[PDB]
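In: As they sit in the full assembly, here are the leading chains:
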Amino acid sequence: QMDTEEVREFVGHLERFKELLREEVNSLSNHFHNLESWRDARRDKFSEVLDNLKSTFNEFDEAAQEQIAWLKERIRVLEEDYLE
């Protein structure tokens, strides 16, 4: 008894969120790796912070994709049931 249009828009949001953040963290990571003139203990510490963010992203990407997969199928089931 979900409102499947309501849920469809959230699914789309979650997909775009994952896509955008992947591209933005990849861009930031590439820039950081290319940054030649910052080399000290604080740079090393920040490298770990960025590693942790990537790990966090991956964990969330997995959790989100599993919800997306389920929600898209549930929307189909419910809409089919509603029409039939």
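Out: Looks like it arrived, so ask away. Numbers count the residues shown, from 1 in each chain, chains lettered A, B, ... in the order given.
In: Residue A:74 contacts residue A:2, correct?
Out: Yes - A contact is recorded between residue A:74 and residue A:2 when judged using Cβ atoms under 8 Å, the distance being 7.3 Å. Heads up, the C-betas are built off the backbone N, CA and C, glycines and all.
In: Who has more neighbours out of these two?
Out: Regarding residue A:74 and residue A:2, a neighbour count based on other Cβ atoms under 10 Å identifies residue A:74 as having more, with 14 against 11.
In: quick one: contacts for the more buried one?
Out: Residue A:74 is in contact with A:2, A:7, counting by Cβ atoms under 8 Å, 6 or more residues apart in numbering.
In: how much space between it and residue A:41?
Out: Residue A:74 sits 50 Å away from residue A:41, taking Cβ to Cβ, to the nearest Å as the criterion.
In: Append chain B to the structure above:
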Amino acid sequence: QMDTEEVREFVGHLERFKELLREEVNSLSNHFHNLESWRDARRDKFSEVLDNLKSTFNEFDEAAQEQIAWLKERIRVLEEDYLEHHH
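Out: Putting chain B together with the chains above:
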């Protein structure tokens, strides 16, 4: 040793990223909490996943905030040292 323009441009990117991350997670969370019709154990689980995502992003935000401040101040100090070396 820093090329201050190279570092400044990284700082700018980090600042933009930090602010995008905050805005995007808030938008996602607010949308999720505005959903009226998804109510089940999967929703409950995802609510905690989202709360924890925000928590982790807040950790990153503070770490990024402090790195930005340190780098900006280091640039200032290095620029003033350069000027002093010519005094």
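In: again for the contacts of residue A:74, chain B present now?
Out: With Cβ atoms under 8 Å, 6 or more residues apart in numbering or on different chains as the criterion, the residues that contact residue A:74 are A:2, A:7.
In: how much space between it and residue B:42?
Out: Residue A:74 is 9 Å from residue B:42, by Cβ to Cβ.
In: again with residue A:47
Out: 36 Å.
In: secondary structure element for the residue nearest to residue A:13 when sequence neighbours are not counted?
Out: Spatial nearest neighbour of residue A:13, chain neighbours left out: residue B:31 (5.4 Å); criterion: Cβ to Cβ, 6 or more residues apart in numbering or on different chains. For residue B:31, the enclosing helix or strand under DSSP states H and E is helix B:4-34.
In: report the angle between the axes of the next helix or strand after that helix and helix A:41-83?
Out: Using DSSP H and E, the helix or strand that follows helix B:4-34 in sequence is helix B:41-84. Angle, helix B:41-84 to helix A:41-83, by axes from the mean of the first three to the mean of the last three Cα atoms, to 10 degrees: 150 degrees.
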